[PDB]
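Here's a solo chain for you in structure tokens, the form deposited without the partner chain.
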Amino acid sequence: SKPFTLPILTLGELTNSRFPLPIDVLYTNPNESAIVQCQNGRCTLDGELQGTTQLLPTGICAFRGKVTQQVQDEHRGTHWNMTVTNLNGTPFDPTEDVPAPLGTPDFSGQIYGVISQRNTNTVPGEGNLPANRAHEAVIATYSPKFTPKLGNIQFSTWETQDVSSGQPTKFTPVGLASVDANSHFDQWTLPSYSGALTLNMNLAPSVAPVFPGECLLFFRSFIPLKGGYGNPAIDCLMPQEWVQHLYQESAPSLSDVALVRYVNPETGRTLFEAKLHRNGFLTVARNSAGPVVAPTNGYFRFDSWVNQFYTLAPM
């Protein structure tokens, strides 16, 4: 049985699996009322990707496809419909057992980024090269027009004209447009992948502590804002590098819970211990919300597989 392992990466060497951001801090929120059921950064300890999770850091909250036409929408700005393919360019097959194309955003909000295009057709007078354009864009994942599971979504631009129809289109995520009341940011509310009133399917399961005194431990990143007030954050269950490592290794899970220790490599001392659960998430024995204030060199080290009776030392 191939021994289970985690990568040896400090917090400053990790990135978020739910948005293209570095990990900033470890974080807890024991009194969170929402169901925690994110779809990116989901991977079992034996290497099975789940939900909309894929391996590319560049694929997280990215879209690839083609603009079909400019469309009408009551909201401010100029709106565009785009078909979306799989990130590798092959057509998305809605009959596949996934909630949506892999990489699709897994939260409600106004995702800010850049739409870019490189035309298929080339111009002889320009050295047989294609024309290009890029503009800021916003994707409202709560919108009834956000239907990635159906193979198309809508984005808005400040730019009123310079977006071409029928041309290869890329969305590069940068942050959020706003976290105002009317922008509906909620990192734990899933989009309706097939549109309003439809049930999401093939979801990675919800996660939660089962043991008294325990709470979820998150890898937190702060996400940029186009404007307005706020310090929004995105919490993932495991960094993208862990997803990548677990997938590579595919080590058999020898129980439902792996005991891991957060270690200071300088002192060698254990800062705290955590349970790493089979489905791919952490719990700690902590009675407070907020950042885990720990030396920058710290990293999780796999200790052993434990049983249903193991009690964590309080943080």
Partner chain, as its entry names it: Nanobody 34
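Numbering follows the first chain given and starts at 1.
The next section is about a form of this same protein that is not shown, the form deposited with the partner chain bound.
- Taking the partner from the other structure, the partner chain in the deposited complex has a heavy atom within 4.5 Å of a heavy atom of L102.
- In the deposited complex, none of the heavy atoms of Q72 sits within 4.5 Å of a heavy atom of the partner chain.
- In the deposited complex, the partner chain lies within 4.5 Å of some heavy atom of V98.
- Among heavy atoms of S288, none comes within 4.5 Å of the partner chain in the deposited complex.
- For the partner-free chain shown, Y247, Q248, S250 of 220-252 come within 4.5 angstroms of the partner chain in the deposited complex, judged by any non-hydrogen atom.
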